[PDB]
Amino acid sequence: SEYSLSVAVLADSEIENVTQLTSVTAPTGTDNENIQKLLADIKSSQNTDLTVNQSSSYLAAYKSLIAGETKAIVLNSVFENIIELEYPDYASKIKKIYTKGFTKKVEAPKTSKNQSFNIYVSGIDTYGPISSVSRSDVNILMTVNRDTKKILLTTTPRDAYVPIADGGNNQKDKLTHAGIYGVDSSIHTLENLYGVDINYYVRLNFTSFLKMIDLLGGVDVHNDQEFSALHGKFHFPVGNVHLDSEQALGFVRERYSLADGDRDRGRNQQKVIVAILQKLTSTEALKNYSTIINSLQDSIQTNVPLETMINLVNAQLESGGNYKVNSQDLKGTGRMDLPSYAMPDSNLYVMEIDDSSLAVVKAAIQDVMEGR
């Protein structure tokens, strides 16, 4: 995967190039490896040595820039998406006078040595091409035991206040923000939280989801409470409900009017995962798995190797047998007085994790993996 570091100044700055600078503001406490490589590239190509004025973060460096407290900053493209949360117009306030491309080695999928594996499902809250960066509002761990034919779905509330791995610097913030840093941040955040290996991920957005439901001929669920979605457009009665793509999207996004709010939304998402699974494991869909990949490969990202898809599909085609699916949710207390690493200047709702819930969730994950 690709990212870049840049030297940025204000849009109307008289500074045109890096040789005109003596110093640059940069968060060398937290992004030193990348920063030093940029400084080395600059020294190599422009024979210019810059001293660093340390900032506490990319956000802090940006604030110093617009306040006129520094002439120039280092910007890492990954963290521009974080700056954008507090400063939506940041791109229009700056120009870049130097740019360096970087590549990060992609962490391979982990192959289980046994019958059990974990897939992480990340749902991104935007329409459009799948490369669109947004928050991960769906965060569901699928623990799959092929021996016992059991699946446990563990949802972690998107507001869950947890140490965010990688770009999050292991500081506490709402889980959904990890999706802004990228799927690796999301994955490592949940591996660390639950003490498990996540073997694979699937990342999809609103547009990806609609396309998928369309291709599968809709999905069928049992709806447990009457509710409506999307400003009253869809009405969902109690009982068996068929959902086309638009109905299904409404069905997984509504929270405010549900008896248990965001917890019920998560449960609704789990219902839809089961329903999708029932369509994906029909004889017809399994046979046509190639067509499904071809039709959805542009909109759904995954590191499940092709060989692994082939194996799972063909094993299922030969064996049959449905998975018994159970669901759980990590619990906690909603608070508005705890600091966000990504957005230190905003009062955000976060969910402080309940320790005993965490222990139960981890124990349930291990049990399903070990066949208990």
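Start at 1 with the first residue shown and count on from there.
Per-stretch averaging of Cα B factors for 105-113 and 90-98 places 105-113 on top.
Relative to one another, 182-190 and 224-232 have unequal mean CA B-factors, and 224-232 is the one with the higher figure. Reading the B-factor column for the CA atoms of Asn81, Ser295, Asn240, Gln269 in the entry, the top value corresponds to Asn240. Out of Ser340, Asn303, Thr308, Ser45, it is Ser45 whose C-alpha atom has the highest B-factor in the PDB entry. Per the PDB record, residue ranking by Cα B-factor puts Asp147 in the highest third of the chain. Ranked within its chain, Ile365 lands in the middle third, by CA B factor from the PDB record. Annotation for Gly123: CA B-factor lies in the lowest third of the chain's modelled residues. The deposited CA B-factor of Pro157 belongs to the lowest third of values across its chain.
When all modelled residues of the chain are sorted by CA temperature factor, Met336 is found within the highest third.
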